[PDB]
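The same protein chain appears twice below, in two forms, each given on its own as structure tokens and labelled structure 1 and structure 2.
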Structure 1
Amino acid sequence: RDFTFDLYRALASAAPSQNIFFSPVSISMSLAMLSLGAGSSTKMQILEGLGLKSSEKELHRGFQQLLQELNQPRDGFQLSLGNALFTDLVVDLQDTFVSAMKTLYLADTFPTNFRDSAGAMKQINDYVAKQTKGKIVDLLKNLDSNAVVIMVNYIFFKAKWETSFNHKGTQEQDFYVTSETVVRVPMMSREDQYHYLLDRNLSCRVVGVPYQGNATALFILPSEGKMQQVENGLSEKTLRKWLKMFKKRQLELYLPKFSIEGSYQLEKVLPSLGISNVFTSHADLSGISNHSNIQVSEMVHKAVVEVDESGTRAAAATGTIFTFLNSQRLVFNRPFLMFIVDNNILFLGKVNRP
């Protein structure tokens, strides 16, 4: 039972041969926020799902602390997170719950006339459009006239690498989406020391590329035909191992310049992972409203990330070395997994097609 990774597999299984990209920490946060107004067996699943009792008072203080940091402009690594709840006109909001939202999670709660589907969707999309300064302007594509409460979570990310990729080393190359399907993509490159590691167990190679700061981008390349195998091995433990075997190594790195995003209706997947009550009529959200017919109708999550050459410090030119074969080369030209960690797993995804 490893929520983050069970969520990944659940998503990859529901959408074979497609990119996958979500924010683990961000989703758990949304789920914690939600527990703040859930009761009995409903709050139980959420907490059990997250991986957590009673000391929950600290659970929220932790996230609150985390939010303030992220939303703190730390130039060269600016993360943009957002949460918001839209509740139908008939669900009366508890001031204790609304205040908690604003205070702990900096999230607003907006009454909404869900009987007016087109209007409600525009309101939700306009809100996120303003909040994200125009970066995400069409979060929702459809909306049901029977919605009671819609939860939205969005997160945009783009930091500068510690060191830029070669200013002239980006060339178009082949990327094998499959043994049959082949596409051209802009391929960045830079030779240097890198936290490398080979996992003969899961059969894959892992390389770490440092962002300007404390976050690290982890790129996993499964060996021929072993993506499924690696996916099944993904786990908190496995991750702790990798960070423990990482040793700097001279490396001719080849990595695609790409943009990836993911948008999911979490209510369609979380149930299969144990968090089901809250999404059903049997839900207990009495902490939000003592209205009987309350339940999360949709929990939409969207994460977006862009990877390019831009680094803080220009790349150091090798030059003619004189020592006692050929440096190790690693080109990401087959589907690969991507992690972005900074104490937490900020992001997790699969680049099936740049």
Structure 2
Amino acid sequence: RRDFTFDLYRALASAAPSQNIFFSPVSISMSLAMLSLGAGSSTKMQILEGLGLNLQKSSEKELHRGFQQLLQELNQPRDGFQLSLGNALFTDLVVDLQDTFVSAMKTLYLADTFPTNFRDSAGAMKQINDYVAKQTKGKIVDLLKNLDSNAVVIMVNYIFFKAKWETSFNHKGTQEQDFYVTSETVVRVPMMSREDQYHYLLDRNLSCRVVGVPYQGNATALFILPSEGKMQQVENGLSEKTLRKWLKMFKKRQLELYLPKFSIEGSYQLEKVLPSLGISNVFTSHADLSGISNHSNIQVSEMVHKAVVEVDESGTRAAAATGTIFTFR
């Protein structure tokens, strides 16, 4: 009975007041659901709860079957559209993981497993960052910064997305135009444009306008423009229910759309924000991660997340990665 995606969104915004935010819920939630796989006691429960698991309607396994389905429904780089999701386990040379954990990871999550010498911190980082970089076509370069020495295993998740718009924007239709960060801080940005039929929507409650711009394939970009002075209001009103409401509320309309060509990114240490969603234990020495290993002790040192997006007249490019680091002491 909680909106993890939007609860996390607000947490990240509150922590960075008037700065850009960007992340991949699927990446983080899938990572969390994987983590719960080798979690026990209350720690295994804060995660499921934090995800908004029904414990009845949805039963743990349904959660995994879902992500499993998602991973399976993935298609090869079609034409002008590509979405890939992967999971990887990097295990120290001298540690054993429980058969169940490893098995579930390979079966439900199609996870790769790479032996890693964590005694050589520099080498471990290179191996892992190179993999994440490789999987995100060079969009996420340095996921880990100072890999602890007690690092004995790192669980990684990545997401890559590239797609051309269903209908591009006329490259020559872009002009330098004013952008108001605040009514007083204004900066020039290349403003894209295109008059056409779009799925419009006017939410008078949250107080904002929503446009749906489809991609060549299955993925639509939703751009929310909160009315003057209401960004905070709509941010608070964001919810899974709202998104559903917005989705069928959508009716096509003749629109002369002006969108700025942009690029943003976010880096977050999730171990710092998740306890705001009730996910705290697993990140402490009080953690119960007995499902992952028997030489217990281990906890989650940090959970780094990184996401980037590029938006131009051709389409969009987006990727992100989540690195769950398990240490010994």
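Residue numbering: structure 1 sequence, from 1. Between two forms, the rigid core is the largest collection of C-alphas that superpose within 1.5 Å.
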Position with Cα shift of 2 Å or more, rigid core superposed between structure 1 and structure 2, options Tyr154, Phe279, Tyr196, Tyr254 = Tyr154
Large Cα move at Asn232 between structure 1 and structure 2, threshold 2 Å, rigid core | no
Quick one: core overlaid, is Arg184 moving 2 Å or more at the Cα between structure 1 and structure 2?
-> no
Aligning on the rigid core, do we see the C-alpha of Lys122 shift 2 angstroms or more between structure 1 and structure 2?
-> yes
Shift in Å of the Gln212 Cα between structure 1 and structure 2 [rigid core superposition] | 1.3
Per-residue Cα shift, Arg313, between structure 1 and structure 2 [Å; core superposed] | 16.9
Any chance you could measure the C-alpha shift of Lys244 between structure 1 and structure 2 with the core superposed, in Å?
-> 0.9
